[PDB]
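Listing of work.txt; format and content: compact mmCIF, C-alpha atoms.
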# COMPACT_ATOMS: atom_id res chain seq x y z
CA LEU A 212 0.00 0.00 0.00
CA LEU A 213 2.46 2.55 -1.28
CA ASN A 214 2.97 1.78 -5.00
CA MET A 215 0.35 -0.05 -7.06
CA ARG A 216 1.85 -2.53 -9.53
CA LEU A 217 0.26 -4.21 -12.54
CA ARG A 218 1.60 -6.50 -15.26
CA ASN A 219 0.25 -6.35 -18.82
CA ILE A 220 1.07 -9.12 -21.28
CA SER A 221 0.59 -8.84 -25.05
CA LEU A 222 0.74 -11.86 -27.37
CA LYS A 223 2.85 -11.01 -30.42
CA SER A 224 2.14 -14.17 -32.43
CA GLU A 225 4.96 -13.68 -34.98
CA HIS A 226 7.59 -13.42 -32.23
CA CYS A 227 7.98 -14.00 -28.49
CA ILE A 228 5.31 -13.12 -25.96
CA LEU A 229 5.80 -9.67 -24.46
CA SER A 230 4.87 -8.92 -20.85
CA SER A 231 5.51 -5.63 -19.09
CA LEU A 232 5.06 -4.89 -15.42
CA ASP A 233 4.18 -1.34 -14.42
CA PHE A 234 4.89 0.48 -11.19
CA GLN A 235 2.78 3.48 -10.13
CA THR A 236 2.58 5.90 -7.21
CA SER A 237 -0.74 4.77 -5.58
CA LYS A 238 -2.39 8.16 -4.87
CA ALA A 239 -4.64 6.77 -2.10
CA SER A 240 -1.40 6.00 -0.26
CA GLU A 241 0.44 9.18 -1.23
CA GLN A 242 -1.90 11.63 0.47
CA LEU A 243 -1.42 9.64 3.71
CA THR A 244 2.28 10.30 3.95
CA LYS A 245 1.92 13.67 2.17
CA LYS A 246 -0.07 14.84 5.21
CA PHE A 247 2.75 13.94 7.59
CA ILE A 248 5.41 15.10 5.11
CA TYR A 249 3.93 18.59 4.84
CA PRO A 250 3.48 18.40 8.59
CA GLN A 251 7.27 17.95 8.63
CA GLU A 252 7.57 20.52 5.74
CA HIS A 253 8.01 18.28 2.69
CA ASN A 254 6.04 18.58 -0.53
CA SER A 255 6.34 15.10 -2.09
CA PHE A 256 7.72 11.69 -1.20
CA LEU A 257 11.23 10.43 -1.94
CA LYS A 258 10.87 6.65 -2.25
CA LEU A 259 14.00 5.07 -3.71
CA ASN A 260 13.77 1.93 -5.85
CA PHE A 261 17.17 0.27 -5.49
CA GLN A 262 16.65 -3.38 -6.54
CA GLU A 263 13.86 -4.23 -9.01
CA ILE A 264 13.89 -7.73 -10.45
CA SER A 265 11.59 -10.14 -12.26
CA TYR A 266 12.48 -13.80 -11.93
CA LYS A 267 11.01 -16.71 -13.88
CA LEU A 268 9.02 -18.69 -11.33
CA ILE A 269 9.87 -22.37 -11.58
CA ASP A 270 11.67 -24.74 -9.28
CA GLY A 271 14.29 -21.96 -9.66
CA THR A 272 14.92 -19.53 -12.56
CA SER A 273 15.40 -15.84 -13.37
CA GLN A 274 15.20 -13.57 -16.45
CA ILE A 275 16.40 -10.12 -17.50
CA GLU A 276 14.20 -7.29 -18.75
CA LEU A 277 14.63 -6.25 -22.36
CA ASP A 278 16.28 -2.83 -21.88
CA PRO A 279 18.46 -1.01 -19.36
CA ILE A 280 17.48 0.18 -15.89
CA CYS A 281 19.39 2.32 -13.39
CA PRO A 282 18.77 2.72 -9.63
CA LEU A 283 16.10 5.44 -9.60
CA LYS A 284 13.99 7.44 -7.15
CA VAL A 285 10.90 9.49 -8.05
CA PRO A 286 8.29 11.56 -6.23
CA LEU A 287 4.84 10.98 -7.83
CA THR A 288 5.36 8.89 -10.93
CA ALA A 289 5.03 5.57 -12.73
CA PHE A 290 7.58 3.34 -14.46
CA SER A 291 7.15 0.22 -16.56
CA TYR A 292 9.80 -2.25 -17.74
CA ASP A 293 9.27 -4.98 -20.31
CA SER A 294 10.66 -8.50 -20.40
CA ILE A 295 10.21 -11.00 -23.23
CA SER A 296 8.69 -14.41 -22.55
CA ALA A 297 8.74 -17.46 -24.86
CA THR A 298 5.67 -17.98 -27.04
CA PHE A 299 4.16 -21.29 -25.96
CA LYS A 300 2.50 -23.73 -28.33
CA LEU A 301 -0.40 -24.92 -26.16
CA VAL A 302 -1.29 -25.21 -22.46
CA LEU A 303 1.65 -24.24 -20.25
CA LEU A 304 0.90 -21.12 -18.20
CA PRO A 305 4.25 -19.82 -16.98
CA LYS A 306 4.69 -17.84 -13.77
CA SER A 307 7.00 -15.06 -12.59
CA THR A 308 8.25 -13.60 -9.30
CA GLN A 309 8.66 -9.77 -9.61
CA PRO A 310 10.55 -8.72 -6.51
CA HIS A 311 11.21 -5.07 -5.67
CA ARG A 312 12.85 -2.85 -3.07
CA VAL A 313 11.38 0.54 -2.19
CA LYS A 314 13.58 2.55 0.16
CA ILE A 315 11.77 5.44 1.85
CA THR A 316 13.54 8.58 2.97
CA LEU A 317 13.62 11.28 5.63
CA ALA A 318 15.99 14.08 6.72
CA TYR A 319 19.30 12.53 5.53
CA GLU A 320 18.58 9.47 7.73
CA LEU A 321 15.63 7.30 8.88
CA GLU A 322 15.41 5.43 5.58
CA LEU A 323 12.62 3.00 6.45
CA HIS A 324 13.43 0.01 4.28
CA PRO A 325 10.66 -1.84 2.44
CA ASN A 326 10.57 -4.80 0.05
CA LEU A 327 7.85 -6.43 -2.01
CA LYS A 328 7.38 -9.43 -4.28
CA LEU A 329 4.12 -10.38 -6.03
CA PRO A 330 4.44 -13.78 -7.71
CA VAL A 331 1.76 -14.71 -10.23
CA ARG A 332 1.16 -16.41 -13.58
CA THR A 333 2.24 -14.49 -16.68
CA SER A 334 -0.51 -15.71 -19.02
CA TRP A 335 -2.92 -12.94 -20.01
CA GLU A 336 -3.86 -14.47 -23.42
CA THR A 337 -6.51 -11.85 -24.31
CA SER A 401 1.75 -17.54 -42.08
CA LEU A 402 0.05 -20.58 -43.60
CA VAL A 403 -3.02 -19.88 -45.75
CA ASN A 404 -5.09 -23.07 -45.86
CA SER A 405 -7.13 -23.95 -48.93
CA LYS A 406 -10.34 -24.56 -46.90
CA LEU A 407 -11.26 -27.51 -49.10
CA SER A 408 -8.66 -30.28 -49.12
CA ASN A 409 -5.76 -28.85 -47.06
CA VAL A 410 -3.78 -27.56 -50.04
CA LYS A 411 -1.74 -25.30 -47.79
CA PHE A 412 0.16 -22.37 -49.31
CA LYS A 413 2.93 -20.42 -47.67
CA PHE A 414 5.39 -17.98 -49.13
CA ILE A 415 8.93 -19.06 -48.40
CA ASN A 416 9.91 -15.44 -47.84
CA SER A 417 6.79 -13.63 -46.65
CA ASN A 418 6.83 -10.01 -45.41
CA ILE A 419 10.45 -9.34 -46.20
CA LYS A 420 10.71 -7.39 -49.42
CA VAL A 421 12.32 -4.00 -49.69
CA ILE A 422 12.19 -3.61 -53.45
CA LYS A 423 13.09 -0.38 -55.22
CA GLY A 424 10.77 -0.57 -58.27
CA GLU A 425 13.03 -3.36 -59.62
CA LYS A 426 12.10 -6.90 -60.47
CA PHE A 427 11.96 -9.50 -57.72
CA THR A 428 10.93 -13.11 -57.23
CA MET A 429 8.96 -14.84 -54.47
CA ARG A 430 8.18 -18.51 -53.66
CA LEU A 431 4.65 -19.87 -53.24
CA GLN A 432 5.44 -23.25 -51.70
CA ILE A 433 2.22 -25.16 -52.32
CA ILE A 434 1.73 -28.23 -50.11
CA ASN A 435 -0.76 -30.72 -51.51
CA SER A 436 -2.32 -34.07 -50.67
CA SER A 437 0.15 -35.51 -53.26
CA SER A 438 -2.96 -36.78 -55.05
CA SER A 439 -3.19 -35.28 -58.57
CA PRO A 440 -0.60 -32.58 -57.74
CA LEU A 441 -0.90 -30.69 -61.09
CA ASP A 442 -4.12 -28.69 -61.09
CA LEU A 443 -4.13 -24.91 -60.89
CA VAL A 444 -3.24 -21.46 -62.26
CA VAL A 445 -2.33 -18.14 -60.63
CA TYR A 446 -3.35 -14.65 -61.88
CA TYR A 447 -3.36 -11.13 -60.51
CA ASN A 448 -6.55 -9.37 -61.86
CA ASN A 449 -5.39 -5.88 -62.79
CA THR A 450 -8.93 -4.46 -62.78
CA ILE A 451 -10.43 -1.95 -60.35
CA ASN A 452 -13.12 -3.76 -58.40
CA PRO A 453 -16.48 -1.97 -58.73
CA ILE A 454 -17.17 -1.29 -54.98
CA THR A 482 -20.23 7.78 -46.46
CA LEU A 483 -18.96 9.47 -49.59
CA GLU A 484 -15.43 9.46 -48.25
CA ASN A 485 -16.07 5.83 -47.50
CA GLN A 486 -16.55 5.64 -51.25
CA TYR A 487 -13.32 7.47 -51.86
CA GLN A 488 -11.11 5.47 -49.48
CA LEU A 489 -12.34 2.24 -51.05
CA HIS A 490 -11.67 3.70 -54.48
CA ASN A 491 -8.11 4.67 -53.58
CA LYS A 492 -7.51 1.25 -52.02
CA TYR A 493 -8.91 -0.53 -55.07
CA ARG A 494 -6.96 1.66 -57.45
CA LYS A 495 -3.62 1.25 -55.74
CA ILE A 496 -4.18 -2.51 -55.46
CA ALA A 497 -5.00 -3.10 -59.10
CA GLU A 498 -2.44 -0.87 -60.72
CA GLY A 499 0.71 -0.85 -58.57
CA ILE A 500 2.32 -4.23 -59.31
CA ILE A 501 2.14 -6.32 -62.49
CA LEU A 502 3.04 -10.08 -62.03
CA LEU A 503 5.23 -10.79 -65.08
CA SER A 504 4.18 -14.46 -65.16
CA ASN A 505 0.45 -13.98 -65.41
CA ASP A 506 -1.50 -17.20 -65.99
CA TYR A 507 1.51 -19.23 -64.99
CA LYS A 508 -0.41 -22.55 -64.82
CA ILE A 509 1.54 -24.35 -62.14
CA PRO A 510 1.72 -28.14 -62.64
CA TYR A 518 5.92 -27.75 -55.81
CA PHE A 519 7.57 -24.32 -55.94
CA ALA A 520 6.99 -21.22 -58.03
CA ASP A 521 8.91 -18.01 -58.62
CA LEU A 522 6.31 -15.39 -59.73
CA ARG A 523 8.35 -12.43 -60.89
CA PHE A 524 6.79 -9.00 -60.24
CA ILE A 525 7.99 -5.52 -61.08
CA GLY A 526 5.94 -3.16 -58.92
CA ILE A 527 5.47 0.26 -60.46
CA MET A 528 4.17 2.28 -57.48
CA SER A 529 5.41 2.89 -53.97
CA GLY A 530 3.78 2.47 -50.59
CA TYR A 531 3.48 -0.41 -48.17
CA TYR A 532 1.35 -3.08 -49.82
CA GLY A 533 0.10 -5.06 -46.89
CA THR A 534 -1.57 -8.46 -47.56
CA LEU A 535 -0.94 -8.23 -51.37
CA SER A 536 -4.45 -8.65 -52.64
CA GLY A 537 -5.39 -9.59 -56.15
CA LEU A 538 -3.04 -12.58 -56.33
CA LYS A 539 -5.68 -15.29 -56.68
CA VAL A 540 -5.40 -18.90 -57.77
CA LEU A 541 -7.98 -21.11 -59.48
CA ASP A 542 -8.34 -24.88 -59.44
CA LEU A 543 -9.94 -27.95 -61.19
CA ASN A 544 -13.28 -27.64 -59.39
CA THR A 545 -15.95 -24.97 -59.98
CA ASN A 546 -14.46 -21.90 -58.26
CA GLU A 547 -11.55 -22.31 -55.89
CA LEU A 548 -10.80 -18.61 -56.25
CA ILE A 549 -8.92 -18.52 -52.97
CA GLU A 550 -6.55 -15.80 -51.94
CA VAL A 551 -3.03 -15.85 -50.70
CA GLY A 552 -3.78 -13.09 -48.14
CA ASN A 553 -0.14 -13.09 -47.17
CA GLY A 554 3.15 -11.44 -47.88
CA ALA A 555 3.90 -7.76 -47.91
CA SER A 556 6.39 -5.48 -49.54
CA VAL A 557 7.42 -1.93 -49.02
CA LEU A 558 8.55 -0.59 -52.38
CA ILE A 559 10.89 2.15 -51.22
CA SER B 822 8.27 -52.04 -2.85
CA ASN B 823 11.68 -51.18 -4.26
CA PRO B 824 12.05 -47.49 -5.16
CA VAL B 825 14.67 -45.34 -6.86
CA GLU B 826 15.45 -41.64 -6.64
CA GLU B 827 14.05 -38.79 -8.81
CA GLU B 828 16.83 -36.97 -10.65
CA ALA B 829 16.19 -33.62 -12.33
CA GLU B 830 18.15 -32.87 -15.50
CA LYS B 857 8.40 -30.80 -43.17
CA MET B 858 10.54 -29.74 -46.14
CA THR B 859 9.57 -29.27 -49.79
CA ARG B 860 10.74 -30.18 -53.29
CA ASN B 861 14.50 -29.96 -53.77
CA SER B 862 16.65 -29.87 -56.90
CA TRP B 863 20.22 -31.21 -57.13
CA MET B 864 21.69 -28.05 -55.52
CA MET B 865 22.80 -27.58 -51.89
CA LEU B 866 20.37 -25.95 -49.45
CA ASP B 867 21.79 -24.58 -46.19
CA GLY B 868 19.03 -24.08 -43.62
CA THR B 869 19.60 -22.35 -40.29
CA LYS B 870 16.84 -23.72 -38.08
CA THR B 871 15.33 -21.81 -35.15
CA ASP B 872 11.97 -23.58 -34.99
CA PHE B 873 10.07 -24.92 -31.96
CA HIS B 874 12.68 -27.38 -30.70
CA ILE B 875 11.50 -28.79 -27.36
CA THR B 876 14.81 -29.92 -25.76
CA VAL B 877 12.88 -31.02 -22.69
CA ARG B 878 15.15 -30.09 -19.79
CA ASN B 879 13.96 -28.23 -16.67
CA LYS B 880 14.21 -24.55 -17.70
CA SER B 881 16.51 -22.41 -19.91
CA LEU B 882 18.67 -25.20 -21.30
CA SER B 883 22.13 -23.89 -22.18
CA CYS B 884 23.89 -26.51 -24.27
CA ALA B 885 27.47 -25.30 -23.33
CA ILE B 886 28.95 -26.87 -26.50
CA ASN B 887 26.92 -25.54 -29.40
CA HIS B 888 26.28 -27.06 -32.81
CA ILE B 889 27.26 -24.95 -35.82
CA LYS B 890 26.65 -27.12 -38.91
CA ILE B 891 25.03 -30.55 -38.70
CA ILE B 892 25.86 -31.49 -42.37
CA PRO B 893 23.78 -34.59 -43.32
CA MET B 894 23.82 -36.57 -46.59
CA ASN B 895 27.39 -37.74 -46.06
CA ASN B 896 26.95 -41.26 -44.67
CA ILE B 897 24.15 -41.81 -47.21
CA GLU B 898 26.86 -41.37 -49.86
CA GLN B 899 29.17 -43.57 -47.72
CA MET B 900 26.43 -46.22 -47.96
CA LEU B 901 25.60 -45.59 -51.64
CA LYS B 902 29.12 -46.06 -53.01
CA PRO B 903 29.40 -49.46 -51.21
CA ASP B 904 25.93 -50.28 -52.59
CA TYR B 905 27.52 -49.75 -56.03
CA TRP B 906 30.58 -51.80 -54.94
CA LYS B 907 28.25 -54.34 -53.21
CA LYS B 908 26.34 -54.43 -56.56
CA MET B 909 29.68 -54.98 -58.42
CA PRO B 910 29.81 -58.73 -57.40
CA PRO B 911 26.81 -61.00 -56.75
CA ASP B 912 24.93 -60.01 -53.62
CA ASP B 913 25.11 -62.21 -50.51
CA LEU B 914 24.14 -59.66 -47.79
CA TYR B 915 27.63 -58.52 -46.78
CA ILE B 916 26.29 -55.01 -46.13
CA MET B 917 22.79 -55.23 -47.67
CA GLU B 918 20.80 -57.45 -45.27
CA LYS B 919 17.20 -56.08 -45.09
CA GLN B 920 18.44 -52.60 -44.08
CA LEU B 921 16.12 -49.71 -44.97
CA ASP B 922 18.57 -47.21 -43.44
CA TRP B 923 19.03 -45.21 -46.66
CA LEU B 924 15.95 -43.06 -46.03
CA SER B 925 16.58 -42.97 -42.26
CA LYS B 926 19.29 -40.22 -42.50
CA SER B 927 20.01 -40.60 -38.78
CA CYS B 928 22.51 -37.77 -38.26
CA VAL B 929 23.19 -38.22 -34.54
CA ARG B 930 23.74 -34.80 -32.97
CA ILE B 931 25.89 -35.44 -29.90
CA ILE B 932 25.91 -32.71 -27.25
CA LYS B 933 27.68 -31.97 -23.98
CA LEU B 934 26.18 -30.87 -20.65
CA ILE B 944 14.07 -22.02 -22.85
CA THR B 945 15.83 -23.89 -25.66
CA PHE B 946 18.52 -23.15 -28.24
CA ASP B 947 18.30 -22.66 -31.99
CA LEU B 948 19.41 -25.57 -34.15
CA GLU B 949 22.53 -25.64 -36.29
CA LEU B 950 23.02 -25.01 -40.00
CA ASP B 951 21.62 -27.85 -42.09
CA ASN B 952 23.55 -27.88 -45.42
CA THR B 953 21.38 -30.70 -46.79
CA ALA B 954 23.78 -30.82 -49.76
CA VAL B 955 22.04 -33.20 -52.18
CA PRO B 956 24.67 -33.31 -54.91
CA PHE B 957 24.92 -37.10 -55.27
CA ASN B 958 22.10 -39.13 -53.74
CA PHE B 959 19.73 -41.76 -55.09
CA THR B 960 16.09 -41.40 -56.03
CA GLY B 961 15.28 -44.39 -53.81
CA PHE B 962 14.54 -42.22 -50.76
CA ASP B 963 11.62 -39.84 -50.29
CA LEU B 964 11.87 -39.18 -46.53
CA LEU B 965 14.39 -38.39 -43.80
CA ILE B 966 14.71 -38.35 -40.03
CA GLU B 967 17.21 -37.19 -37.39
CA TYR B 968 18.13 -37.78 -33.75
CA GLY B 969 19.53 -35.24 -31.28
CA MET B 970 21.23 -36.37 -28.07
CA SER B 971 19.81 -34.25 -25.24
CA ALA B 972 22.63 -34.20 -22.69
CA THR B 973 23.11 -32.73 -19.22
CA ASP B 974 25.61 -34.99 -17.44
CA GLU B 975 26.75 -34.52 -13.83
CA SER B 976 29.43 -37.19 -13.13
CA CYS B 977 27.25 -39.92 -14.71
CA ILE B 978 26.43 -41.40 -18.10
CA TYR B 979 24.34 -39.83 -20.85
CA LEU B 980 20.59 -39.27 -20.95
CA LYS B 981 17.40 -39.56 -23.02
CA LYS B 982 17.42 -38.55 -26.67
CA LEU B 983 15.02 -36.64 -28.92
CA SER B 984 14.31 -37.21 -32.61
CA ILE B 985 12.78 -35.00 -35.32
CA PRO B 986 11.77 -36.23 -38.81
CA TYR B 987 11.84 -34.30 -42.09
CA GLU B 988 9.83 -35.13 -45.22
CA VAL B 989 11.59 -34.04 -48.42
CA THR B 990 10.87 -34.80 -52.08
CA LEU B 991 13.47 -34.63 -54.84
CA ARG B 992 13.32 -33.19 -58.36
CA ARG B 993 14.79 -34.93 -61.41
CA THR B 994 16.69 -32.03 -62.90
CA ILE B 995 18.88 -33.88 -65.45
CA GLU B 996 19.52 -37.35 -66.92
CA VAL B 997 22.00 -39.10 -69.13

How does this structure look as structure tokens?
Amino acid sequence: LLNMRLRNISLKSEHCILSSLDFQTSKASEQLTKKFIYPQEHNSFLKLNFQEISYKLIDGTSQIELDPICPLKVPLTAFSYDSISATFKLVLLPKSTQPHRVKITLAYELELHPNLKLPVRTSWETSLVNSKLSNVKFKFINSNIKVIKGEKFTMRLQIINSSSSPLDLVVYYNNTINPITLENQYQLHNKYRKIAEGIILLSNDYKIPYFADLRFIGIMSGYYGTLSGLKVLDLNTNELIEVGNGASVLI
Amino acid sequence: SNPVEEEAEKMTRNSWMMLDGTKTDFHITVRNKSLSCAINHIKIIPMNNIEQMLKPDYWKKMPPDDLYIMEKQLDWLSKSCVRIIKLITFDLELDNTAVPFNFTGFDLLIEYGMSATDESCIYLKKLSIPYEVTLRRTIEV
């Protein structure tokens, strides 16, 4: 009851799990000792944090937070350090320790020493594109990695089949503006114009019969997230499924 | 009732080139917590002993066959590159799959990695990962 602490954990699925604890000043405790401090002629507190440490709770383990920290002391404030976890596959809720050491202060003496440790479980918990018919999974072998400079480049759509008639389908890009609150008309028009006119796909109806190369050229700039347009089409009626994947800044 | 103690310790189609893969996937390495290997692996380099089996298969083929070193063994496609280690996981080594001279008889591979944390005793349990790879016929004479 001097410094309220909370830990927030965010699940970055393309990397490690990120969890950050957060100290604060706990105002419902500050006016308490503010009353006696301004009784003794002091305006704000001088609590000194001298040893702050998060340890990985286990039989025994410890971690290290993902940037640098000094030995600090603040009056009415909040601080928050971040430490990276390891992104679990399924069903193992890890736990942490989070010890701390607040050192209070008085007139060059009477440093009433305090310490605190709140151990709890660090599990807040709130690119394969499947075919959705017969598990013909597609993945780009270098997705989201392309700094092109309006030059040619090549990608790799590694199709993974049932190995049962593995020669079936054809890619294409569809350079055509799709035909679609008036600025909601205009934002959709600018999105559909920059999609259907910015890159070209130099191997158009490539008719793949399990890698591909798919050379593009890319004649306008801007971050093309999710790279729409690049559809495939297969032996059945309409397997017009997307890739929905891969991105390229072009500057 | 006689007890003991309790001691705590997917590829794709390949041509005839050489693919060097640095693997940092979800390797378990099921120790307690934060397993430091202390003698790291840099390059595993498989498809060497498969060639050291294939050239004696040629040589074994040279005379009539009487099971001198071909006696029901399907260990061509096994590819059991034993990764021996010393005393929350670590990234795997460089692959260098290196298919420059290998038969078309195989269409699969496996591996085995010796998980080791030895404290004045013998070695420990061992973990194995498979790898499915297909090959492309790029050239013939």

Distance in Å - CA of residue 502 (chain A) versus CA of residue 865 (chain B):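 Interatomic distance here is 28.3 Å.
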
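Of the listed residues B:992, B:874, B:982, B:880, the one whose atoms come nearest to residue 273 (chain A) is B:880, with distances taken using only C-alpha atoms.
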
So which one's closest to residue 219 (chain A), A:313, A:433, A:232, A:303? Using all atoms listed in the file, please.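 Closest residue, counting all atoms listed in the file: A:232.
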
State, in Å with one decimal place, the distance from CA of residue 443 (chain A) to CA of residue 544 (chain A). 9.7 Å

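Of note, CA of residue 526 (chain A) and CA of residue 555 (chain A) are spaced 12.1 Å apart.
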
Contacts of residue 947 (chain B) at 8 Å or less, counting only C-alpha atoms, minus same-chain residues fewer than 3 places along, as a PDB file with C-alpha atoms, in the coordinates of the input?
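Writing done, so here's out_34.pdb:
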ATOM      1  CA  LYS B 870      16.840 -23.720 -38.080  1.00  0.00           C
ATOM      2  CA  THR B 871      15.330 -21.810 -35.150  1.00  0.00           C
ATOM      3  CA  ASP B 872      11.970 -23.580 -34.990  1.00  0.00           C
ATOM      4  CA  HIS B 874      12.680 -27.380 -30.700  1.00  0.00           C
TER       5      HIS B 874
END

Enumerate, in order of chain and increasing residue number, the residues of chain A with an atom no farther than 9 Å from chain B, each with its shortest atom pair and distance in Å to one decimal, counting all atoms listed in the file, as a tab-separated table.
residue	atom	partner	partner_atom	distance
A:269	CA	B:880	CA	7.8
A:270	CA	B:879	CA	8.5
A:271	CA	B:880	CA	8.4
A:272	CA	B:880	CA	7.2
A:297	CA	B:944	CA	7.3
A:300	CA	B:873	CA	8.5
A:432	CA	B:859	CA	7.5
A:433	CA	B:859	CA	8.8
A:434	CA	B:859	CA	7.9
A:518	CA	B:860	CA	6.0
A:519	CA	B:860	CA	7.2

Using only C-alpha atoms, find all polymer residues with an atom at most 9 Å away from the point (5.2, -18.2, -58.9); report them as number ranges by chain. A: 428-432, 445, 502, 504, 507, 509, 519-523

Determine, counting all atoms listed in the file, which protein, DNA and RNA residues have an atom within 12 Å of an atom of region 963-977 of chain B; residues of the same chain fewer than 6 positions away are not included. Present the result as a PDB file with C-alpha atoms, in the frame of the given file.
ATOM      1  CA  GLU B 828      16.830 -36.970 -10.650  1.00  0.00           C
ATOM      2  CA  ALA B 829      16.190 -33.620 -12.330  1.00  0.00           C
ATOM      3  CA  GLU B 830      18.150 -32.870 -15.500  1.00  0.00           C
ATOM      4  CA  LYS B 857       8.400 -30.800 -43.170  1.00  0.00           C
ATOM      5  CA  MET B 858      10.540 -29.740 -46.140  1.00  0.00           C
ATOM      6  CA  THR B 859       9.570 -29.270 -49.790  1.00  0.00           C
ATOM      7  CA  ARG B 860      10.740 -30.180 -53.290  1.00  0.00           C
ATOM      8  CA  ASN B 861      14.500 -29.960 -53.770  1.00  0.00           C
ATOM      9  CA  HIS B 874      12.680 -27.380 -30.700  1.00  0.00           C
ATOM     10  CA  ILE B 875      11.500 -28.790 -27.360  1.00  0.00           C
ATOM     11  CA  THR B 876      14.810 -29.920 -25.760  1.00  0.00           C
ATOM     12  CA  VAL B 877      12.880 -31.020 -22.690  1.00  0.00           C
ATOM     13  CA  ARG B 878      15.150 -30.090 -19.790  1.00  0.00           C
ATOM     14  CA  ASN B 879      13.960 -28.230 -16.670  1.00  0.00           C
ATOM     15  CA  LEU B 882      18.670 -25.200 -21.300  1.00  0.00           C
ATOM     16  CA  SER B 883      22.130 -23.890 -22.180  1.00  0.00           C
ATOM     17  CA  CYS B 884      23.890 -26.510 -24.270  1.00  0.00           C
ATOM     18  CA  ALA B 885      27.470 -25.300 -23.330  1.00  0.00           C
ATOM     19  CA  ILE B 886      28.950 -26.870 -26.500  1.00  0.00           C
ATOM     20  CA  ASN B 887      26.920 -25.540 -29.400  1.00  0.00           C
ATOM     21  CA  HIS B 888      26.280 -27.060 -32.810  1.00  0.00           C
ATOM     22  CA  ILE B 891      25.030 -30.550 -38.700  1.00  0.00           C
ATOM     23  CA  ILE B 892      25.860 -31.490 -42.370  1.00  0.00           C
ATOM     24  CA  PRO B 893      23.780 -34.590 -43.320  1.00  0.00           C
ATOM     25  CA  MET B 894      23.820 -36.570 -46.590  1.00  0.00           C
ATOM     26  CA  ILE B 897      24.150 -41.810 -47.210  1.00  0.00           C
ATOM     27  CA  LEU B 921      16.120 -49.710 -44.970  1.00  0.00           C
ATOM     28  CA  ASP B 922      18.570 -47.210 -43.440  1.00  0.00           C
ATOM     29  CA  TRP B 923      19.030 -45.210 -46.660  1.00  0.00           C
ATOM     30  CA  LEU B 924      15.950 -43.060 -46.030  1.00  0.00           C
ATOM     31  CA  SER B 925      16.580 -42.970 -42.260  1.00  0.00           C
ATOM     32  CA  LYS B 926      19.290 -40.220 -42.500  1.00  0.00           C
ATOM     33  CA  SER B 927      20.010 -40.600 -38.780  1.00  0.00           C
ATOM     34  CA  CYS B 928      22.510 -37.770 -38.260  1.00  0.00           C
ATOM     35  CA  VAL B 929      23.190 -38.220 -34.540  1.00  0.00           C
ATOM     36  CA  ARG B 930      23.740 -34.800 -32.970  1.00  0.00           C
ATOM     37  CA  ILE B 931      25.890 -35.440 -29.900  1.00  0.00           C
ATOM     38  CA  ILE B 932      25.910 -32.710 -27.250  1.00  0.00           C
ATOM     39  CA  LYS B 933      27.680 -31.970 -23.980  1.00  0.00           C
ATOM     40  CA  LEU B 934      26.180 -30.870 -20.650  1.00  0.00           C
ATOM     41  CA  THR B 945      15.830 -23.890 -25.660  1.00  0.00           C
ATOM     42  CA  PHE B 946      18.520 -23.150 -28.240  1.00  0.00           C
ATOM     43  CA  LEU B 948      19.410 -25.570 -34.150  1.00  0.00           C
ATOM     44  CA  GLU B 949      22.530 -25.640 -36.290  1.00  0.00           C
ATOM     45  CA  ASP B 951      21.620 -27.850 -42.090  1.00  0.00           C
ATOM     46  CA  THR B 953      21.380 -30.700 -46.790  1.00  0.00           C
ATOM     47  CA  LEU B 983      15.020 -36.640 -28.920  1.00  0.00           C
ATOM     48  CA  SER B 984      14.310 -37.210 -32.610  1.00  0.00           C
ATOM     49  CA  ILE B 985      12.780 -35.000 -35.320  1.00  0.00           C
ATOM     50  CA  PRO B 986      11.770 -36.230 -38.810  1.00  0.00           C
ATOM     51  CA  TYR B 987      11.840 -34.300 -42.090  1.00  0.00           C
ATOM     52  CA  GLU B 988       9.830 -35.130 -45.220  1.00  0.00           C
ATOM     53  CA  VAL B 989      11.590 -34.040 -48.420  1.00  0.00           C
ATOM     54  CA  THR B 990      10.870 -34.800 -52.080  1.00  0.00           C
ATOM     55  CA  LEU B 991      13.470 -34.630 -54.840  1.00  0.00           C
ATOM     56  CA  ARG B 992      13.320 -33.190 -58.360  1.00  0.00           C
TER      57      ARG B 992
END

Selection as a ChimeraX atom specification: residues within 7 Å of (3.4, -21.9, -13.3), counting all atoms listed in the file: /A:268-269,304-306,332

Among the residues A:309, A:417, A:326, A:334, the one that comes closest to residue 265 (chain A) [using all atoms listed in the file]: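 Counting all atoms listed in the file, the residue closest to residue 265 (chain A) is A:309.
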
Residue contacts of region 898-915 of chain B (10 Å, all atoms listed in the file) excluding same-chain residues fewer than 2 positions away, as a list in words: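 Selected residues are residues 893, 894, 895, 896, 917, 918, 919, 920, 922, 923, 955, 956, 957, 958 and 959 of chain B.
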
Considering all atoms listed in the file, state which residue in the set A:257, A:419, A:528, A:264 is at the smallest distance from residue 328 (chain A).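 The shortest atom-to-atom distance to residue 328 (chain A) comes from A:264.
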